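Throughout, protein chains are lettered first and strands after them, A, B, ... in sequence-line order, and every chain is numbered starting at 1.
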Amino acid sequence: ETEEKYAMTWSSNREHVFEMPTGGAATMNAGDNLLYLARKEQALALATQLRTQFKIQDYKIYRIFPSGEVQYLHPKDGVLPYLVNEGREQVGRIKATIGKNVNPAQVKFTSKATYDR
Amino acid sequence: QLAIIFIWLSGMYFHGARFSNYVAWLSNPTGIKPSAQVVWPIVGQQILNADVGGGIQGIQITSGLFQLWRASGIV
Amino acid sequence: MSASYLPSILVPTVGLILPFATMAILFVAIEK
Amino acid sequence: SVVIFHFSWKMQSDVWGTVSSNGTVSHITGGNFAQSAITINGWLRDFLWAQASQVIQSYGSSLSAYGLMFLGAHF
Amino acid sequence: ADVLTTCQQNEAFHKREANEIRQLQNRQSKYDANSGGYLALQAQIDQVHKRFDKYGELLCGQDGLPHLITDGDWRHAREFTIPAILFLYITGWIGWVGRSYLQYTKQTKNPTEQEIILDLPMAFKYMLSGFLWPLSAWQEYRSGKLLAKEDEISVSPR
Amino acid sequence: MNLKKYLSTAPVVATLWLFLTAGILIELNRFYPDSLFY
Amino acid sequence: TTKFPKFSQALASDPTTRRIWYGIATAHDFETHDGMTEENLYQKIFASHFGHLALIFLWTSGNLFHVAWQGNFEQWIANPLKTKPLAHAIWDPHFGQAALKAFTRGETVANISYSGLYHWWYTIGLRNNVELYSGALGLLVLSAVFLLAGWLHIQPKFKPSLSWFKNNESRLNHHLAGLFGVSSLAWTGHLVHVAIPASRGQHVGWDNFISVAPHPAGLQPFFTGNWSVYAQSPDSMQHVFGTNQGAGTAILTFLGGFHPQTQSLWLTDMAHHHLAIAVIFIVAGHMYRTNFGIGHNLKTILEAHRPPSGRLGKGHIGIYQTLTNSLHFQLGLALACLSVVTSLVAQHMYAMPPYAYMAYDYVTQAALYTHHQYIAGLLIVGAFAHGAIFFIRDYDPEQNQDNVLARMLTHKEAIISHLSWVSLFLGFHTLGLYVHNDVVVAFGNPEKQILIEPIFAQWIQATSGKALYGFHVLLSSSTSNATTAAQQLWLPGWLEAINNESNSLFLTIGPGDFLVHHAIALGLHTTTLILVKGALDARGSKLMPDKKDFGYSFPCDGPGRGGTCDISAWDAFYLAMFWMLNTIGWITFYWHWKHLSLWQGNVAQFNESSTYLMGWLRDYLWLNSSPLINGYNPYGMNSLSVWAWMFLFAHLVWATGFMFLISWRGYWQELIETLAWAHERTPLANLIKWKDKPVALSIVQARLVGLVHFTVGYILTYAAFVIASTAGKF
Amino acid sequence: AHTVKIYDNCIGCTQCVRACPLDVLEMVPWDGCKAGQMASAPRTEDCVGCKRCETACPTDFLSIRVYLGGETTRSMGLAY
Amino acid sequence: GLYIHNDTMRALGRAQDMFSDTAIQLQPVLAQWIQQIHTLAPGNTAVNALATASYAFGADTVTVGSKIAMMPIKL
Amino acid sequence: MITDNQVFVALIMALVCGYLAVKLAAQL
Ligand code: CLA
Ligand code: CLA
Ligand code: CLA
Ligand code: CLA
Ligand code: CLA
Ligand SMILES: CC1=C(/C=C/C(C)=C/C=C/C(C)=C\C=C\C=C(C)\C=C\C=C(C)\C=C\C2=C(C)C[C@@H](O)CC2(C)C)C(C)(C)C[C@H](O)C1
Ligand SMILES: CC1=C(/C=C/C(C)=C/C=C/C(C)=C/C=C/C=C(C)/C=C/C=C(C)/C=C/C2=C(C)CCCC2(C)C)C(C)(C)CCC1
Ligand SMILES: CC1=C(/C=C/C(C)=C/C=C/C(C)=C/C=C/C=C(C)/C=C/C=C(C)/C=C/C2=C(C)CCCC2(C)C)C(C)(C)CCC1
Ligand SMILES: CC1=C(C/C=C(\C)CCC[C@H](C)CCC[C@H](C)CCCC(C)C)C(=O)c2ccccc2C1=O
Ligand code: SF4
Ligand code: SF4
């Protein structure tokens with residue numbers, strides 16, 4: 001509409017009663033399911049519920065932009081993020097430990113942070 | 001919880017029996033101040049034994065036990 | 001005081017007119 | 001707190017007190033609730049300030065434990 | 001010194017004694033001689049006399065209340081110095097035997113269990129051994145057993 | 001032996017020791033009241 | 001730079017109400033602003049300093065102009081002991097007729113002044129409304145000039161270089177010799193030429209000051225060196241201030257003690273003080289090497305102060321660079337010294353009143369002591385705050401290796417643990433002794449109180465010549481070489497003042513004063529503990545060893561590692577403010593009650609009631625509240641109505657602060673979510689759209705907003721009480 | 001947005017990734033530790049800064065660190 | 001807000017602008033009406049009741065000695 | 001007593017400070 005939305009699709013064999021992340025009981029369809037949620041965290045909170053309680057693994061979360069663009073979010077690579085998977089490039093690595101971070105004095109009036117080696 | 005409540009109630013009745021002006025209060029309910037706690041004389045705290053009447057000195061009680069016991073017919 | 005009319009003009013100005021103008025000015029400034 | 005303050009002041013102002021032989025009611029705080037209890041200043045002054053007189057003047061009397069507990073409880 | 005005088009020679013002090021007896025006697029007047037109310041109030045009257053007589057030797061302000069001197073003057077040793085020494089002897093004992101027991105517990109298999117469930121025999125052993133704690137503490141200090149080394153103590157980054 | 005372990009627990013020994021301590025101080029003030037100096 | 005705030009893109013991109021709040025709150029943290037350079041930082045501060053100075057001169061102008069235009073200065077001069085000075089006129093259309101009458105002061109509806117301006121202005125020689133008004137116009141010009149200077153120095157050609165701003169030796173020479181020294185010399189000129197003549201009923205102003213010599217002998221004595229001439233014939237002890245009746249000719253004296261009429265320092269003592277000070281500062285400001293190949297290098301002095309033992313490691317090596325390169329180190333030291341000066345002003349001005357008759361204006365005395373101790377309290381908290389900020393933002397360990405500053409961090413646990421010990425000791429024993437006293441007094445045995453004589457402080461009073469305690473030491477000994485040396489100078493006047501029990505010069509002290517001093521020691525040590533712990537743990541702790549990476553102010557490091565609420569050095573500032581307010585409370589309560597008792601002539605009340613805390617609650621707070629809370633009542637209202645209303649307002653503001661301090665963000669954000677929901681689903685209302693998404697205040701914001709309500713309520717409550725209680729009583 | 005960094009003392013326990021309620025983090029192959037894997041923070045545009053990841057990290061000190069930065073609709077956790 | 005309005009009007013010498021029994025009255029007319037009904041109850045809507053459930057609602061002032069036990073609590 | 005003229009002279013000089021203040025504010 002004006003803001004980003006989140007579509008969550010999944011399949012179920014049974015018509016399980018589940019808890020909406022927005023509160024209250026819902027019944028999922030014995031087949032394809034599609035929920036629209038305001039927040040990625042709501043979709044993932046529901047996904048955790050589906051996975052842990054109902055052993056549903058085939059959930060897919062999308063970001064819908066107000067332009068009309070649909071961005072597939074989760075599971076990004078098809079494999080859950082906590083299972084190590086080939087083709088994932090490390091993001092956010094800093095060499096050595098936090099103890100090797102510099103003083104703010106050394107980085108004052110610069111773009112650099114204390115952890116920028 | 002009920003055991004503890006019974007110890008507490010028992011205490012209130014025993015303090016009434018042993019350390020109170022209840023009997024005297026029955027004869028002058030408007031004049032005598034109900035008292036069922038007497039403090040020991042130590043470090044000057046016996047000042048708290050107030051002139052409540054009924055031939056004792058003690059703390060004036062506000063629990064309404066005397067009014068309860070009078071309604072129950074305890075003399 | 002000498003100019004005993006002045007508080008009748010300046011207290012409304014500093015107290016009502018100017019604070020409304022300032023709130024209006026700041027509203028536009030922080031919302032554009 | 002506001003319920004028990006409402007109670008204490010209303011009862012003292014408008015209910016509790018003495019009736020003379022003539023039969024004129026004199027209330028503990030002499031009907032000050034109606035005109036004092038309509039401002040916060042009236043609550044501060046005619047209730048807390050005025051009625052705290054007893055607890056803060058309690059030192060060297062049988063009510064001194066209340067004075068001590070008043071300060072202890074503030075602490 | 002006009003600000004402080006011996007309480008014995010202080011009129012305000014004598015006035016306070018008289019006032020306190022008068023208040024107790026004004027209460028006693030509402031009781032009938034042989035009554036518990038009378039005897040209790042008479043006991044307090046007797047102790048008022050004994051107290052004011054005892055505090056007579058102290059210095060008194062113009063308020064007629066005993067004022068304690070704590071400057072080290074030996075004439076007032078009983079007011080602060082002797083109580084001070086006694087305090088430090090007792091609390092030094094408490095601290096020392098506490099340290100002794102704590103050091104015992106760190107030699108045991110479950111040190112934390114011996115902090116919430118006391119080894120009472122060992123607690124008693126250290127508690128009864130506190131009476132020469134200043135010598136004990138001196139001997140540990142001299143022997144380099146009192147203090148941990150700067151090297152061995154954990155600190156946060158500076 | 002388990003009852004003695006219980007009676008050696010922090011709160012029981014603290015209660016009993018501070019009871020004993022309070023008793024000594026109370027009894028000293030009963031027999032030596034109004035001690036403002038040594 | 002295309003949406004408020006222009007100085008932070010990170011804030012400007014925030015789609016929530018947080019953008020506006022954080023824009024305001026970070027507007028003056030120039031260091032953290034987008035593309036800030038060291039040169040631009042200094043230049044912005046320098047120009048902002050001109051703005052602030054101009055503000056001080058406009059405020060002062062306001063005070064002179066309002067007193068000139070609406071005050072009763074002329075009428076107050078005529079009768080300074082009876083007449084109440086007026087601040088300014090009231091024009092309030094919410095006033096009922098009864099309120100107009102209640103606030104009518106002569107023919108005008110006005111506020112009474114408790115700022116002591118009339119006493120000060122009268123002492124320095126101002127005698128009529130046209131002189132005050134001239135002052136107001138003069139200071140409007142000074143304001144305008146500083147605004148021109150401020151504007152000039154952010155124009156490209158007039159922006160001073162970074163090297164200019166770090167010229168320490170030059171700034172110190174000029175500030176010592178010029179700003180302090182010459183100001184004190186010029187001020188001496190005012191006292192000798194204007195104020196002292198005015199004190200002797202001789203009008204000297206702009207009209208005649210060229211012709212009218214301030215001493216009969218002229219400047220002949222000053223160049224011949226016969227300086228004794230200026231001290232001959234001081235104002236007699238019968239001198240009627242503002243008149244020639246018993247007036248002397250002296251312009252520089254060392255009388256000591258007070259003018260017996262005005263109960264204030266002799267103007268000729270104050271003239272000679274300022275001459276002595278002016279010379280000391282002019283000489284002091286010739287210390288440091290500038291452009292003429294003489295004087296000291298500050299680095300050379302610092303680097304030389306390394307004890308050869310090695311007990312201070314590398315001593316002060318590196319300190320010069322560290323201080324020169326940190327504005328926060330500079331602000332910290334500046335706030336620390338200014339705080340101490342503000343406290344000394346508070347202590348010395350009540351004890352040694354400089355201003356004619358102000359000793360008799362009790363509300364003003366109380367107002368000024370309290371005002372300045374709260375300012376001193378704010379300044380010392382700020383000093384330590386900038387100490388903490390310095391450690392995070394500016395402190396480089398490598399550049400301070402093994403120097404005195406690095407050594408502080410090296411034994412921070414020793415320092416904090418000992419401050420903890422002294423705080424605990426003072427707290428246990430001070431509260432302990434008060435509670436002992438409360439209990440034995442409550443049980444009717446005040447003779448069982450522990451009343452420790454403040455014998456060390458009494459002995460110090462005796463060293464300055466107070467005979468009362470029976471000590472015969474130094475100035476209280478007739479035979480002391482200290483006594484005999486001063487006998488012909490200030491000692492007669494000083495001994496008269498110090499042995500007078502009616503003034504505030506070395507007030508008689510007893511057990512009451514002992515206990516509250518230990519309360520004050522507790523407050524100084526605990527506030528210090530919080531601020532020092534704040535500063536020394538600012539860079540990191542075992543709980544957060546990388547804290548310096550998160551900066552001065554951050555909410556927490558989340559609920560992990562046991563939980564980390566209020567771990568930032570800013571949080572130590574926040575906690576220290578409560579202790580600073582508490583401590584200044586104890587100080588100002590003490591000052592006020594001690595003075596109420598003195599002024600009533602019932603010193604016995606304070607002496608007997610101050611040794612237990614019920615005495616303070618009953619005989620200080622409860623007793624003195626009566627005039628205040630009766631400012632209005634069902635029967636009507638009087639001039640204290642405004643203090644009664646302010647008093648309740650301040651209690652409300654204080655209590656509103658508790659909401660922000662006790663209830664934390666998550667509660668509120670969830671509630672706001674429902675309000676946003678409701679608005680969007682309400683017909684007519686939902687046509688109106690917020691531009692900024694409403695969110696709950698930030699974790700740190702609520703600490704600040706809660707602390708501001710707390711602090712404002714704390715200050716306004718006591719202001720209303722200390723003014724109305726004193727005004728109502730006298 | 002918030003900044004999430006992974007330091008070299010990461011033991012590849014996966015606990016931060018399992019704890020993250022926004023799917024900011026994932027495990028990537030790495031020879032640096034015996035586990036043969038390291039935490040990664042590729043989707044910090046979705047990071048709300050809850051620090052559940054840091055709470056979960058068993059290393060002393062933390063191998064994952066969250067630096068709260070500039071607030072966004074996403075980072076403020078707003079559903080309006 | 002009514003208390004704050006009132007504090008403000010009283011402080012400004014504007015007692016005739018207050019919410020009070022003597023200025024802008026806010027009578028609890030429903031509570032007053034219910035008190036009347038409860039006073040009129042005995043012999044009427046409570047035909048066999050000899051007296052009111054409570055003297056708080058209306059009718060007589062009950063005294064024990066000189067002291068007021070209960071009486072109408074006027075709202 | 002401060003004349004109407006004196007009060008108005010004060011106001012024009014305060015106006016000048018207003019002008020110079022805005023000039024500084026706008027640049028800072
Ligand atoms: C310096 C600040 C200031 C000033 C000068 C005033 C002045 C006034 N307020 Mg107060 N007020 C203020 C701040 C101020 N207020 C604040 C901050 C609050 C919140 C606590 C209040 C809360 C408050 C309340 C609740 C009330 C007042 C009222 C009044 C009026 C009482 C006098 C009267 O009897 O008029 C009686 C009314 C008149 C003579 C009619 C004049 C009304 C205006 C001026 C109409 C002008 C119309 C004009 C063509 C267009 C200009 C509109 C605007 C831009 C100025 C007076 C106009 C009372 C009032 O009557 O307000 C309407 C009133 O009930 N005030
Ligand atoms: C054997 C026990 C013991 C010993 C020798 C010490 C010794 C010390 N404490 Mg510590 N402390 C202790 C227990 C002890 N403490 C306990 C249980 C607590 C939690 C309440 C503390 C909390 C504490 C704080 C907050 C501080 C100290 C400080 C200190 C130092 C300064 C003196 C002081 O303030 O003491 C007085 C200590 C207190 C008032 C705290 C309570 C002391 C308890 C009641 C004693 C317990 C005795 C123990 C139960 C005995 C059992 C032995 C038995 C089984 C054989 C000193 C090193 C200060 C410091 O760091 O100075 C540099 C300081 O700021 N202590
Ligand atoms: C710290 C130094 C200092 C301070 C704070 C004061 C303060 C005051 N003086 Mg004093 N005075 C001083 C030094 C000082 N003076 C010196 C060195 C002399 C020469 C001996 C005088 C001689 C003097 C006379 C003759 C008079 C005053 C008066 C006053 C009062 C009003 C001044 C005014 O309207 O100017 C407003 C402030 C300014 C204009 C500040 C900017 C300063 C400019 C840039 C420098 C120029 C100085 C001066 C204003 C003009 C010089 C005149 C010329 C013939 C030399 C005020 C209390 C007047 C008064 O009413 O006494 C009660 C008055 O008639 N003073
Ligand atoms: C010469 C004195 C001086 C100077 C130049 C500075 C300069 C600075 N301070 Mg320091 N500071 C000072 C004194 C000073 N401070 C003092 C005295 C204290 C103790 C209070 C502090 C404590 C302090 C802290 C804790 C912090 C600073 C910070 C800063 C930086 C700016 C923060 C900002 O943008 O403010 C903007 C300020 C506000 C938006 C506050 C608005 C005004 C307050 C809330 C008062 C509201 C009063 C209210 C309206 C009255 C109600 C009236 C009633 C009748 C209704 C800046 C470098 C901060 C920083 O970022 O450094 C790293 C920081 O966190 N200072
Ligand atoms: C009346 C209010 C009050 C009191 C009594 C305290 C007390 C204390 N504060 Mg706190 N503080 C307060 C308000 C208060 N604070 C507020 C509003 C804030 C703002 C959030 C703070 C923030 C603050 C900070 C940031 C710090 C302190 C510290 C301290 C300690 C200072 C040293 C001291 O006095 O030790 C003596 C201890 C006391 C006076 C506490 C009471 C001890 C009692 C009387 C003993 C009771 C024993 C008795 C037998 C009863 C037992 C009861 C039973 C149920 C078991 C002390 C524990 C500092 C600290 O911990 O220093 C070491 C510290 O750093 N405070
Ligand atoms: C032993 C042992 C302990 C070890 C504690 C050890 C390390 C303590 C370390 C102390 C430190 C290093 C410096 C101590 C500095 C001592 C100060 C500086 C005291 C100066 C004296 C004053 C100045 C009195 C003056 C005066 C006196 C003379 C007379 C009065 O009347 C007047 C006043 C004015 C009060 C424990 C903790 C484990 C507990 C255990 O239990 C026993
Ligand atoms: C002419 C005339 C007239 C008119 C007049 C008037 C009306 C006036 C006005 C006036 C005014 C109306 C004034 C104003 C003023 C202002 C000011 C003076 C301000 C100030 C400021 C400052 C000083 C500062 C500030 C700042 C800040 C806070 C922020 C930023 C920075 C700065 C620093 C800038 C009349 C009609 C009578 C008629 C006749 C003629
Ligand atoms: C954290 C920090 C900081 C801060 C700080 C502070 C805040 C401080 C303060 C401090 C203070 C606040 C101090 C004070 C002190 C004082 C003194 C040191 C004094 C002394 C005195 C004397 C010595 C005296 C003497 C005498 C007498 C007593 C009498 C007679 C006369 C005579 C003079 C002889 C800084 C920034 C640095 C940096 C970083 C860190
Ligand atoms: C009451 C309370 C709130 C709720 C209060 C909020 C959100 C502030 C409410 C807004 C006030 C009333 C200001 C309204 C301002 C007007 C809209 C005017 C314009 C404002 C300018 C800045 C533009 C919190 O959000 C909170 C957060 C964290 C800890 C404690 C608390 C807390 O105690
Ligand atoms: S802070 Fe929260 S949202 Fe961000 S990576 Fe860690 S667990 Fe995920
Ligand atoms: S929890 Fe810590 S150690 Fe484990 S994978 Fe995450 S960053 Fe690495």
Side-chain angles (χ1 to χ4, degrees), chain G residues 57 60 64 116-117 119-127 131 134-135 138-139 142 172-235 239 241-242 247-259 262 264-287 341 344-345 348-349 352-356 358 489-490 493-494:
Chain G
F57 292 116
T60 310
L64 287 156
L117 288 180
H119 302 86
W120 173 31
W121 292 343
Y122 182 61
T123 312
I124 70 190
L126 293 159
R127 292 289 178 281
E131 289 170 345
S134 297
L139 292 185
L142 232 211
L172 278 168
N173 281 8
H174 285 84
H175 281 186
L176 289 175
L179 183 52
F180 283 68
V182 162
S183 292
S184 193
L185 183 55
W187 180 243
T188 307
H190 182 85
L191 293 174
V192 164
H193 281 268
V194 177
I196 284 161
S199 75
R200 298 167 175 166
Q202 177 176 14
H203 178 257
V204 180
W206 298 121
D207 58 321
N208 61 341
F209 86 107
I210 301 313
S211 62
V212 175
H215 199 272
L219 289 168
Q220 172 74 349
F222 183 81
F223 290 118
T224 57
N226 183 207
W227 288 6
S228 56
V229 167
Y230 294 129
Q232 312 294 277
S233 307
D235 292 303
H239 175 232
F241 193 93
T249 58
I251 57 164
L252 301 171
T253 66
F254 221 148
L255 300 169
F258 303 125
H259 191 295
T262 72
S264 63
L265 296 176
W266 297 99
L267 266 164
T268 54
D269 286 9
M270 292 188 285
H272 190 195
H273 161 92
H274 282 102
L275 189 44
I277 290 308
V279 166
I280 285 167
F281 272 115
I282 295 160
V283 171
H286 288 84
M287 180 153 188
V341 167
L344 203 67
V345 164
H348 288 194
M349 280 192 63
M352 299 174 289
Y355 303 142
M358 203 163 84
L489 292 322
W490 53 76
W494 175 260

Rounded to the nearest 0.5 Å, how far does [atom2] of [Y] lie from [atom1] of [X]?
X      : Y      : atom1 : atom2 : result
G/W490 : G/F254 : CH2   : CZ    : 4.5 Å
G/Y122 : G/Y355 : OH    : OH    : 15.5 Å
G/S233 : G/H215 : OG    : NE2   : 7.5 Å
G/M287 : G/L176 : CE    : CG    : 9.5 Å

The criterion is ring pair (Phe, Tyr, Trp, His ring centres under 6.0 Å); which residues satisfy it with [X], sequence neighbours excluded?
X      : result
G/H239 : G/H259
G/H190 : G/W187
G/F258 : none

Considering non-hydrogen atoms only, spot the tightest contact between [X] and [Y] and give its length.
X      : Y      : answer
G/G218 : G/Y230 : O-OH, 2.6 Å
G/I124 : G/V194 : O-CG1, 4.1 Å
G/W266 : G/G257 : CD1-O, 3.7 Å
G/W121 : G/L64  : CZ2-CD2, 3.4 Å
G/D269 : G/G256 : OD2-N, 2.9 Å
G/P197 : G/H193 : CG-O, 3.2 Å

Checklist line | Counterpart residues, side-chain hydrogen bond (donor to acceptor under 3.5 Å, both in side chains), relative to G/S264 (two or more places apart) | finding: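 Per chain and number, G/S264 pairs via side-chain hydrogen bond (donor to acceptor under 3.5 Å, both in side chains) with G/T262.
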Which pairs would a plain distance check flag for residues 270-284 of chain G, meaning a side-chain donor or acceptor within less than 3.5 Å of a matching protein atom at least two apart in sequence or in another chain?
| unit_1 | atom_1 | unit_2 | atom_2 | d |
| --- | --- | --- | --- | --- |
| G/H272 | ND1 | G/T253 | O | 3.0 |
| G/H274 | ND1 | G/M270 | O | 2.6 |

Notebook entry, point to check: Just one of G/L489, G/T268, G/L265 clears the side chain to side chain contact (heavy atoms under 4.5 Å, CB included) bar with G/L255, so which one?
Noted result: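 So, applying the side chain to side chain contact (heavy atoms under 4.5 Å, CB included) to G/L255 and each of G/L489, G/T268, G/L265, only G/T268 qualifies.
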Check: Any side chain to side chain donor-acceptor pair (under 3.5 Å) pairs touching residues 195-208 of chain G, not counting sequence neighbours?
Finding: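 Only G/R200-G/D235 qualify under side chain to side chain donor-acceptor pair (under 3.5 Å).
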Next item on the list: Using a cut-off of 6.0 Å, state whether more than 12 heavy atoms not belonging to G/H174 lie near its atom NE2.
Entry: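 Counting neighbours around NE2 of G/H174, 12 or fewer heavy atoms of other residues, nucleotides or ligands fall under 6.0 Å, so no.
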Note to self: With a 3.5 Å distance limit and no angle check, can you tell me whether G/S184 reaches the backbone of G/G181 through a side-chain donor-acceptor pair?
What the structure shows: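 No; zero donor-acceptor contacts below 3.5 Å.
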